[PDB]
Amino acid sequence: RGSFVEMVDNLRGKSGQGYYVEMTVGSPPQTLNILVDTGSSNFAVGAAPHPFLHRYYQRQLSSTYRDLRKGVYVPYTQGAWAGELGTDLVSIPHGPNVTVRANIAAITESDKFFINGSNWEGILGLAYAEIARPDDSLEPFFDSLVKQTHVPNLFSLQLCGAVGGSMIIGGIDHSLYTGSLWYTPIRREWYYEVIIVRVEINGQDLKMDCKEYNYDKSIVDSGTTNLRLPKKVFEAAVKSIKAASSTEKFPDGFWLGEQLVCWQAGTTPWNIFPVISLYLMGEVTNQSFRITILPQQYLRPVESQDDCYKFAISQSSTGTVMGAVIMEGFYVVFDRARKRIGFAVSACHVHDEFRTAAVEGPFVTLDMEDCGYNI
Ligand SMILES: C[C@H](O)c1cn(C[C@H](O)[C@H](Cc2ccccc2)NC(=O)c2cc(C(=O)N[C@H](C)c3ccc(F)cc3)cc(N(C)S(C)(=O)=O)c2)nn1
Ligand SMILES: [Cl-]
Ligand SMILES: [Cl-]
(Lines give C-alpha, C1' and ligand atoms only; values in the text may rest on other atoms or scores of the structure.)
(Ligands and ions follow the chains in the order given, each with its own letter.)
Protein backbone atom coordinates (compact mmCIF):
# COMPACT_ATOMS: atom_id res chain seq x y z
CA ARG A 1 0.00 0.00 0.00
CA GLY A 2 2.83 2.71 -0.36
CA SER A 3 1.95 5.15 -3.24
CA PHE A 4 4.85 3.74 -5.40
CA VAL A 5 3.72 0.12 -4.93
CA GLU A 6 3.39 -0.66 -8.61
CA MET A 7 7.12 0.03 -9.16
CA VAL A 8 8.24 -2.35 -6.32
CA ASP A 9 9.79 -5.53 -7.62
CA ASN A 10 10.12 -4.20 -11.22
CA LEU A 11 13.75 -5.41 -11.62
CA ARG A 12 14.97 -8.97 -12.40
CA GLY A 13 18.48 -10.51 -12.90
CA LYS A 14 19.23 -13.99 -14.54
CA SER A 15 21.84 -15.77 -12.48
CA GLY A 16 23.35 -12.47 -11.33
CA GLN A 17 24.41 -11.02 -14.79
CA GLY A 18 22.83 -7.53 -14.49
CA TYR A 19 19.62 -6.02 -13.15
CA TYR A 20 17.08 -5.04 -15.82
CA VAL A 21 13.68 -3.38 -16.13
CA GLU A 22 11.09 -3.86 -18.93
CA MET A 23 10.84 -0.88 -21.34
CA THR A 24 8.35 -0.49 -24.14
CA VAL A 25 9.52 1.30 -27.31
CA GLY A 26 7.78 2.30 -30.52
CA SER A 27 4.32 1.93 -31.89
CA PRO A 28 2.83 -0.62 -31.91
CA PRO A 29 4.66 -1.63 -28.71
CA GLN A 30 7.90 -3.59 -28.53
CA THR A 31 8.89 -4.50 -24.93
CA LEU A 32 12.56 -5.36 -24.21
CA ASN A 33 14.52 -6.04 -21.05
CA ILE A 34 16.90 -3.17 -20.37
CA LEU A 35 19.87 -3.26 -18.03
CA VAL A 36 19.83 -0.36 -15.45
CA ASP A 37 23.27 1.38 -15.55
CA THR A 38 23.97 4.41 -13.45
CA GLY A 39 27.56 4.37 -14.77
CA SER A 40 26.75 5.54 -18.38
CA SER A 41 24.40 7.91 -20.19
CA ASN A 42 23.21 6.30 -23.49
CA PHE A 43 19.94 4.41 -23.91
CA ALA A 44 20.70 1.70 -26.44
CA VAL A 45 18.87 -1.46 -27.53
CA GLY A 46 19.86 -4.56 -29.54
CA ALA A 47 18.34 -3.88 -32.99
CA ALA A 48 19.64 -6.88 -35.02
CA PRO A 49 20.05 -10.62 -34.41
CA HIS A 50 22.74 -11.64 -31.99
CA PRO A 51 23.36 -15.17 -30.54
CA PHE A 52 22.80 -13.90 -26.98
CA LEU A 53 19.59 -12.00 -27.72
CA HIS A 54 16.07 -13.54 -27.54
CA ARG A 55 14.35 -10.37 -28.82
CA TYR A 56 15.50 -7.08 -30.46
CA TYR A 57 14.10 -3.76 -31.54
CA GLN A 58 12.67 -3.75 -35.13
CA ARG A 59 12.61 -0.14 -36.24
CA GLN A 60 10.80 -0.79 -39.50
CA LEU A 61 7.74 -1.95 -37.49
CA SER A 62 7.53 1.20 -35.36
CA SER A 63 5.62 3.95 -37.11
CA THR A 64 6.88 6.58 -34.63
CA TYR A 65 10.60 5.85 -35.12
CA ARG A 66 12.51 8.89 -36.36
CA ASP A 67 16.01 8.46 -37.88
CA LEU A 68 18.56 11.00 -36.65
CA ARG A 69 20.95 10.01 -39.56
CA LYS A 70 23.95 9.65 -37.32
CA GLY A 71 26.01 6.66 -36.12
CA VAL A 72 27.15 6.12 -32.52
CA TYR A 73 29.88 3.98 -30.92
CA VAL A 74 30.23 3.46 -27.13
CA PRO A 75 33.13 1.73 -25.48
CA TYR A 76 32.94 0.76 -21.83
CA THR A 77 35.42 -0.68 -19.34
CA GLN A 78 34.01 -4.07 -20.48
CA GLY A 79 32.79 -4.39 -24.10
CA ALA A 80 31.67 -1.83 -26.72
CA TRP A 81 28.90 -1.50 -29.31
CA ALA A 82 28.13 0.45 -32.44
CA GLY A 83 24.75 1.49 -33.90
CA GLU A 84 22.48 4.21 -35.29
CA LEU A 85 20.78 7.04 -33.51
CA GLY A 86 17.06 7.90 -33.77
CA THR A 87 14.17 8.73 -31.43
CA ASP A 88 11.04 6.81 -30.58
CA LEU A 89 8.28 6.70 -27.91
CA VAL A 90 9.38 4.96 -24.72
CA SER A 91 7.42 3.97 -21.59
CA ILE A 92 8.35 1.80 -18.58
CA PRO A 93 5.16 -0.27 -17.85
CA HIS A 94 6.19 -0.92 -14.24
CA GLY A 95 7.70 2.60 -13.96
CA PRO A 96 6.11 6.02 -14.13
CA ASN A 97 2.74 6.44 -15.85
CA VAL A 98 4.09 8.61 -18.73
CA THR A 99 5.48 8.13 -22.28
CA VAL A 100 8.33 10.20 -23.66
CA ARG A 101 10.07 10.66 -27.00
CA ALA A 102 13.67 9.69 -26.15
CA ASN A 103 16.89 9.30 -28.13
CA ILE A 104 17.61 5.58 -28.74
CA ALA A 105 20.70 4.02 -30.14
CA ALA A 106 19.90 0.91 -32.17
CA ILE A 107 22.78 -1.52 -31.59
CA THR A 108 23.71 -3.31 -34.82
CA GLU A 109 27.13 -4.76 -33.86
CA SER A 110 28.90 -5.27 -30.56
CA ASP A 111 31.98 -6.84 -28.94
CA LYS A 112 31.84 -8.51 -25.56
CA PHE A 113 28.81 -6.41 -24.49
CA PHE A 114 25.82 -8.70 -24.45
CA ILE A 115 26.13 -11.48 -21.86
CA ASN A 116 24.90 -14.99 -22.72
CA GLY A 117 22.00 -16.03 -20.51
CA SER A 118 21.53 -12.60 -18.89
CA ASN A 119 18.10 -12.05 -20.39
CA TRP A 120 18.73 -8.29 -21.14
CA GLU A 121 18.74 -6.80 -24.61
CA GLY A 122 19.74 -3.20 -24.10
CA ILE A 123 21.11 -0.63 -21.57
CA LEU A 124 19.56 2.39 -19.83
CA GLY A 125 22.43 4.93 -19.07
CA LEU A 126 21.03 6.91 -16.10
CA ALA A 127 24.02 9.27 -15.65
CA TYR A 128 24.41 12.78 -17.07
CA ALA A 129 24.91 14.11 -20.59
CA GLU A 130 28.59 15.05 -20.02
CA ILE A 131 29.60 11.42 -20.62
CA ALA A 132 27.07 10.50 -23.41
CA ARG A 133 28.34 9.56 -26.93
CA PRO A 134 28.72 11.06 -29.41
CA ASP A 135 28.72 14.06 -27.10
CA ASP A 136 26.83 15.92 -24.47
CA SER A 137 24.25 17.26 -26.92
CA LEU A 138 22.60 13.76 -27.01
CA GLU A 139 19.98 14.20 -24.20
CA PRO A 140 19.94 11.08 -21.91
CA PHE A 141 16.71 9.27 -21.19
CA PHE A 142 16.14 10.52 -17.61
CA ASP A 143 16.78 14.11 -18.74
CA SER A 144 14.03 13.65 -21.41
CA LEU A 145 11.69 12.21 -18.83
CA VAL A 146 12.14 15.16 -16.46
CA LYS A 147 11.93 17.80 -19.23
CA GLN A 148 8.84 16.29 -20.88
CA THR A 149 6.75 15.23 -17.85
CA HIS A 150 5.94 16.12 -14.26
CA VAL A 151 8.01 13.25 -12.86
CA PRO A 152 10.28 14.53 -10.07
CA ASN A 153 14.00 14.55 -10.87
CA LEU A 154 14.91 11.55 -8.60
CA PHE A 155 15.06 7.80 -8.82
CA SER A 156 16.07 5.15 -6.31
CA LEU A 157 17.39 1.59 -6.68
CA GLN A 158 17.17 -1.50 -4.44
CA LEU A 159 19.28 -4.29 -6.09
CA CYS A 160 18.50 -7.56 -4.25
CA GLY A 161 21.39 -9.93 -4.56
CA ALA A 162 21.56 -13.69 -3.94
CA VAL A 163 17.96 -11.81 -8.22
CA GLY A 164 15.50 -8.86 -8.49
CA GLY A 165 14.91 -5.46 -6.92
CA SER A 166 13.08 -2.18 -7.47
CA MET A 167 13.68 1.01 -9.46
CA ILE A 168 11.41 3.69 -7.99
CA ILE A 169 11.22 6.62 -10.48
CA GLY A 170 10.09 9.91 -9.11
CA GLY A 171 10.24 9.08 -5.36
CA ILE A 172 11.23 6.75 -2.55
CA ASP A 173 9.41 3.72 -1.25
CA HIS A 174 9.90 3.32 2.52
CA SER A 175 9.30 -0.40 2.49
CA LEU A 176 12.62 -0.95 0.68
CA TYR A 177 14.93 0.11 3.52
CA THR A 178 15.36 0.10 7.34
CA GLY A 179 16.82 2.86 9.53
CA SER A 180 17.62 6.32 8.26
CA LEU A 181 18.80 7.53 4.85
CA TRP A 182 22.13 9.32 4.92
CA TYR A 183 23.18 11.54 2.00
CA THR A 184 26.47 12.41 0.25
CA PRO A 185 26.85 15.23 -2.28
CA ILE A 186 27.10 14.42 -5.98
CA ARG A 187 30.44 16.20 -6.55
CA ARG A 188 29.90 16.91 -10.15
CA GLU A 189 27.08 15.90 -12.63
CA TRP A 190 28.82 13.50 -15.09
CA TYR A 191 29.06 10.12 -13.57
CA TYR A 192 27.36 9.93 -10.12
CA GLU A 193 30.68 11.07 -8.55
CA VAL A 194 31.05 10.97 -4.74
CA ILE A 195 33.92 11.42 -2.25
CA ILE A 196 35.19 8.62 -0.04
CA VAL A 197 36.99 9.98 3.03
CA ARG A 198 38.03 6.84 4.99
CA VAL A 199 38.11 3.08 4.50
CA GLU A 200 38.03 0.47 7.28
CA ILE A 201 38.38 -3.32 7.16
CA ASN A 202 36.78 -4.84 10.27
CA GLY A 203 36.97 -1.53 12.18
CA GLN A 204 40.64 -1.05 11.21
CA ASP A 205 41.42 2.13 9.26
CA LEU A 206 43.47 1.51 6.11
CA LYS A 207 45.14 4.92 6.78
CA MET A 208 45.82 5.98 3.18
CA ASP A 209 45.61 9.52 2.27
CA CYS A 210 41.96 10.11 1.22
CA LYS A 211 43.17 11.50 -2.10
CA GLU A 212 44.17 7.88 -3.00
CA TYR A 213 40.61 6.55 -2.48
CA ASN A 214 39.29 9.13 -5.08
CA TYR A 215 42.12 8.99 -7.63
CA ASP A 216 40.94 9.86 -10.23
CA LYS A 217 37.23 9.65 -9.34
CA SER A 218 34.83 7.52 -7.17
CA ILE A 219 31.42 6.80 -8.81
CA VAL A 220 28.27 4.86 -8.03
CA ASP A 221 27.66 2.41 -11.00
CA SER A 222 24.95 -0.22 -11.18
CA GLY A 223 26.11 -1.62 -14.54
CA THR A 224 29.56 -2.71 -13.04
CA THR A 225 29.55 -5.90 -10.93
CA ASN A 226 32.45 -5.33 -8.58
CA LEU A 227 33.79 -2.85 -6.08
CA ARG A 228 36.76 -1.63 -8.20
CA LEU A 229 39.61 0.19 -6.35
CA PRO A 230 42.58 2.13 -7.65
CA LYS A 231 45.90 0.09 -7.73
CA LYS A 232 47.43 1.29 -4.42
CA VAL A 233 44.13 1.06 -2.60
CA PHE A 234 43.33 -2.40 -3.94
CA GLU A 235 46.83 -3.75 -2.96
CA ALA A 236 46.43 -2.22 0.53
CA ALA A 237 42.88 -3.46 1.02
CA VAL A 238 43.72 -7.09 -0.03
CA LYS A 239 46.65 -7.11 2.41
CA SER A 240 44.29 -6.02 5.15
CA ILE A 241 41.47 -8.39 4.25
CA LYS A 242 43.97 -11.33 4.15
CA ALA A 243 45.30 -10.37 7.58
CA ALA A 244 41.72 -10.26 8.95
CA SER A 245 40.64 -13.63 7.57
CA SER A 246 43.87 -15.41 8.52
CA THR A 247 42.21 -18.35 10.23
CA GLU A 248 41.88 -19.80 6.67
CA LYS A 249 44.34 -19.47 3.92
CA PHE A 250 43.28 -19.14 0.24
CA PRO A 251 45.44 -19.16 -2.83
CA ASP A 252 46.74 -15.76 -4.05
CA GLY A 253 44.67 -16.05 -7.24
CA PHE A 254 41.46 -16.13 -5.18
CA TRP A 255 42.07 -12.47 -4.20
CA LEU A 256 42.75 -11.59 -7.92
CA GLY A 257 39.43 -13.08 -8.96
CA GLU A 258 41.22 -15.89 -10.91
CA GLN A 259 40.33 -18.87 -8.61
CA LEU A 260 37.04 -19.76 -7.10
CA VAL A 261 36.58 -21.52 -3.71
CA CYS A 262 33.58 -23.74 -3.12
CA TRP A 263 31.93 -24.86 0.08
CA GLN A 264 29.31 -27.64 0.52
CA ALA A 265 25.83 -26.07 0.17
CA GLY A 266 24.98 -24.08 3.32
CA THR A 267 28.33 -24.09 5.09
CA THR A 268 30.28 -20.98 3.88
CA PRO A 269 32.06 -19.60 6.90
CA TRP A 270 30.99 -15.99 6.42
CA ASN A 271 32.31 -15.09 9.93
CA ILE A 272 35.94 -15.63 8.92
CA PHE A 273 35.78 -12.74 6.40
CA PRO A 274 35.79 -9.10 7.56
CA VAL A 275 33.23 -6.31 7.00
CA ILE A 276 34.28 -3.44 4.88
CA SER A 277 33.30 0.22 5.55
CA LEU A 278 33.52 3.16 3.27
CA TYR A 279 33.02 6.68 4.88
CA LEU A 280 31.50 9.19 2.61
CA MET A 281 31.33 12.98 2.82
CA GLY A 282 28.11 14.11 4.44
CA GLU A 283 25.81 17.08 3.90
CA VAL A 284 27.21 19.28 6.67
CA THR A 285 30.75 20.65 6.96
CA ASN A 286 33.11 18.21 8.58
CA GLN A 287 30.46 15.53 8.98
CA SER A 288 30.61 12.05 7.29
CA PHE A 289 28.79 8.74 7.56
CA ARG A 290 29.80 5.15 6.82
CA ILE A 291 28.36 2.32 4.84
CA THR A 292 29.46 -1.21 5.74
CA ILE A 293 29.08 -4.32 3.59
CA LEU A 294 29.42 -8.00 4.44
CA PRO A 295 31.27 -10.78 2.64
CA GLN A 296 27.84 -11.79 1.40
CA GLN A 297 28.07 -8.64 -0.78
CA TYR A 298 31.77 -8.94 -1.88
CA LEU A 299 31.90 -12.80 -2.34
CA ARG A 300 29.65 -13.52 -5.28
CA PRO A 301 28.09 -16.89 -6.14
CA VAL A 302 28.95 -18.55 -9.45
CA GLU A 303 25.97 -21.10 -10.31
CA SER A 304 25.57 -29.56 -7.24
CA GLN A 305 25.64 -29.56 -3.44
CA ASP A 306 28.54 -26.97 -3.96
CA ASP A 307 28.38 -23.16 -3.32
CA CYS A 308 31.26 -21.65 -5.41
CA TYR A 309 32.28 -17.98 -4.88
CA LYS A 310 34.46 -15.39 -6.63
CA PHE A 311 36.03 -12.53 -4.68
CA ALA A 312 34.48 -9.43 -6.34
CA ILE A 313 36.75 -6.55 -5.19
CA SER A 314 39.10 -5.82 -8.02
CA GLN A 315 41.66 -3.36 -9.41
CA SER A 316 40.89 -0.30 -11.52
CA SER A 317 43.04 2.29 -13.24
CA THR A 318 40.09 4.66 -13.67
CA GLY A 319 39.14 5.33 -9.95
CA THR A 320 36.86 3.72 -7.39
CA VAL A 321 33.75 2.17 -8.86
CA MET A 322 31.05 1.33 -6.30
CA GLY A 323 29.32 -1.35 -8.38
CA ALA A 324 26.72 -3.98 -7.47
CA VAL A 325 28.91 -5.32 -4.63
CA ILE A 326 28.22 -1.97 -2.88
CA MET A 327 24.75 -1.37 -4.16
CA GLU A 328 23.33 -4.77 -3.07
CA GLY A 329 23.81 -3.80 0.59
CA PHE A 330 21.67 -0.62 0.32
CA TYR A 331 18.64 1.20 -0.96
CA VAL A 332 20.36 4.02 -2.96
CA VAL A 333 18.56 7.24 -3.72
CA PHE A 334 19.74 9.25 -6.75
CA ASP A 335 18.33 12.60 -5.70
CA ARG A 336 19.32 14.52 -8.75
CA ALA A 337 17.14 17.53 -7.80
CA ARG A 338 19.18 18.08 -4.58
CA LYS A 339 22.52 16.91 -6.11
CA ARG A 340 22.93 14.13 -3.59
CA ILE A 341 22.93 10.35 -3.21
CA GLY A 342 21.29 8.66 -0.18
CA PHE A 343 22.10 5.25 1.33
CA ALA A 344 20.05 3.22 3.77
CA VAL A 345 20.28 -0.43 4.69
CA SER A 346 18.36 -2.47 2.13
CA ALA A 347 15.35 -4.49 3.35
CA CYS A 348 16.43 -7.30 0.91
CA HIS A 349 20.22 -7.38 1.45
CA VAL A 350 21.79 -10.82 2.05
CA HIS A 351 23.09 -11.27 5.62
CA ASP A 352 23.21 -13.90 8.39
CA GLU A 353 21.97 -14.10 12.00
CA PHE A 354 25.23 -12.51 13.33
CA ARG A 355 25.94 -9.39 11.12
CA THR A 356 23.96 -7.00 8.87
CA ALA A 357 25.07 -4.37 6.40
CA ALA A 358 24.94 -0.91 8.06
CA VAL A 359 24.72 2.82 7.38
CA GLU A 360 25.81 4.83 10.46
CA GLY A 361 26.75 8.34 11.32
CA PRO A 362 27.55 11.07 11.91
CA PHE A 363 31.39 11.04 12.21
CA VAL A 364 33.67 14.00 12.28
CA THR A 365 36.15 14.14 9.42
CA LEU A 366 38.19 17.24 8.68
CA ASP A 367 39.54 18.66 5.33
CA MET A 368 37.26 16.52 3.15
CA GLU A 369 37.31 19.12 0.40
CA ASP A 370 40.95 18.09 -0.21
CA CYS A 371 40.10 14.36 -0.96
CA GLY A 372 38.77 14.99 -4.47
CA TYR A 373 40.85 14.82 -7.58
CA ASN A 374 41.22 17.89 -9.78
CA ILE A 375 41.30 17.42 -13.73
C1 LIG B 1 30.80 6.16 -19.76
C2 LIG B 1 31.98 5.23 -19.71
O3 LIG B 1 33.03 5.19 -20.67
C4 LIG B 1 31.84 3.90 -19.15
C5 LIG B 1 30.99 3.56 -18.15
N6 LIG B 1 31.29 2.30 -17.80
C7 LIG B 1 30.76 1.50 -16.73
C8 LIG B 1 29.36 0.91 -17.15
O9 LIG B 1 28.61 0.49 -16.03
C10 LIG B 1 29.58 -0.36 -18.04
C11 LIG B 1 28.24 -0.80 -18.63
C12 LIG B 1 28.14 -2.21 -19.24
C13 LIG B 1 26.96 -2.93 -18.97
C14 LIG B 1 26.89 -4.32 -19.52
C15 LIG B 1 27.97 -4.83 -20.29
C16 LIG B 1 29.12 -4.06 -20.51
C17 LIG B 1 29.29 -2.79 -19.96
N18 LIG B 1 29.99 -1.45 -17.24
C19 LIG B 1 31.26 -2.09 -17.37
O20 LIG B 1 32.10 -1.61 -18.08
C21 LIG B 1 31.44 -3.30 -16.64
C22 LIG B 1 30.44 -4.33 -16.57
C23 LIG B 1 30.60 -5.49 -15.85
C24 LIG B 1 29.54 -6.49 -15.86
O25 LIG B 1 29.76 -7.74 -15.90
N26 LIG B 1 28.25 -5.97 -15.73
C27 LIG B 1 27.09 -6.82 -15.59
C28 LIG B 1 26.01 -6.37 -16.61
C29 LIG B 1 26.49 -6.88 -14.17
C30 LIG B 1 26.41 -8.15 -13.55
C31 LIG B 1 25.93 -8.15 -12.21
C32 LIG B 1 25.50 -6.94 -11.73
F33 LIG B 1 25.03 -6.96 -10.46
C34 LIG B 1 25.62 -5.69 -12.34
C35 LIG B 1 26.19 -5.58 -13.57
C36 LIG B 1 31.79 -5.85 -15.16
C37 LIG B 1 32.76 -4.75 -15.23
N38 LIG B 1 34.08 -4.92 -14.53
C39 LIG B 1 35.31 -4.32 -15.17
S40 LIG B 1 34.17 -5.73 -13.13
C41 LIG B 1 34.55 -7.44 -13.50
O42 LIG B 1 35.31 -5.07 -12.41
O43 LIG B 1 32.89 -5.74 -12.47
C44 LIG B 1 32.67 -3.56 -15.93
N45 LIG B 1 32.40 1.96 -18.48
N46 LIG B 1 32.80 2.98 -19.30
CL1 LIG C 1 1.00 1.77 -30.04
CL1 LIG D 1 33.70 -0.28 -14.54
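Counting starts at 1 for both ligands and their atoms, in listed order. One is the number of the first residue; the rest follow in order along the sequence.
With a heavy-atom cut-off of 4.0 Å, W190 does not touch ligand 1 at all. Under 4.0 Å from ligand 1, the heavy atoms of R300 that appear belong solely to its side chain. Of the heavy atoms in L35, only side-chain atoms (C-beta onward) come closer than 4.0 Å to ligand 1. Proximity of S118 to ligand 1, defined as any heavy-atom pair under 4.0 Å, is not found for any part of the residue. For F114, no heavy-atom contact with ligand 1 is shorter than 4.0 Å.
Nearest-residue assignment for atom 3 (O) of ligand 1 (options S40, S316, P75; heavy-atom criterion): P75. Taking all heavy atoms of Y76, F113, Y19, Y20 into account, the minimum distance to atom 15 (C) of ligand 1 is reached by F113. Nearest to atom 31 (C) of ligand 1 by heavy atom, out of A324, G257, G16, is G16. Within the set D221, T318, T77, the minimum heavy-atom distance to atom 46 (N) of ligand 1 is found for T77.
Remark: ligand 1 and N226 share an N or O pair separated by less than 3.5 Å (distance only, no angle test). At under 3.5 Å, a nitrogen or oxygen of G223, whether backbone or side chain, sits near a nitrogen or oxygen of ligand 1. Considering backbone and side-chain N/O of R228, one or more are found under 3.5 Å from N/O of ligand 1. On a distance-only criterion, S222 and ligand 1 share no N/O pair closer than 3.5 Å.
A donor and an acceptor atom, one from each side chain of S144 and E139, are located under 3.5 Å apart. Defined by atom type and a distance below 3.5 Å, a donor-acceptor pair is missing between the side-chain atoms of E193 and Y128. For the 3.5 Å distance criterion, the side chains of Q30 and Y56 fail to qualify, holding no donor opposite an acceptor. Using a 3.5 Å distance cut-off with no hydrogens or angles, the side chains of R336 and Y192 do pair a donor with an acceptor.
Looking at every heavy atom in both residues, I34 comes nearest to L124 through CG2-N, 3.4 Å.
A perpendicular orientation is assigned to the rings of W270 and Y309, their planes being inclined by more than 60° (bins at 30° and 60°).
Taking a cut-off of under 4.0 Å to the non-hydrogen atoms of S314, the atoms of ligand 1 that pass are 42 (O).
Results of the ring pair (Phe, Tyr, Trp, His ring centres under 6.0 Å) test with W120 over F52, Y20, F113 single out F113 as the only residue that passes. Of the candidates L35, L157, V36, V36 is the only one forming a side chain to side chain contact (heavy atoms under 4.5 Å, CB included) with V21.
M322 places a side-chain heavy atom less than 4.5 Å from the side chain of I291.
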- Start with the C-alpha distance between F273 and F311, add both sets of side-chain angles, then the distance that settles ring-ring contact (aromatic ring centres under 6.0 Å, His included), and finish with yes or no. CA-CA 11 Å; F273 294 103; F311 177 67; 8.4 Å; no
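The shell of residues lying under 4.0 angstrom from ligand 1, judged by heavy atoms, excludes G323.
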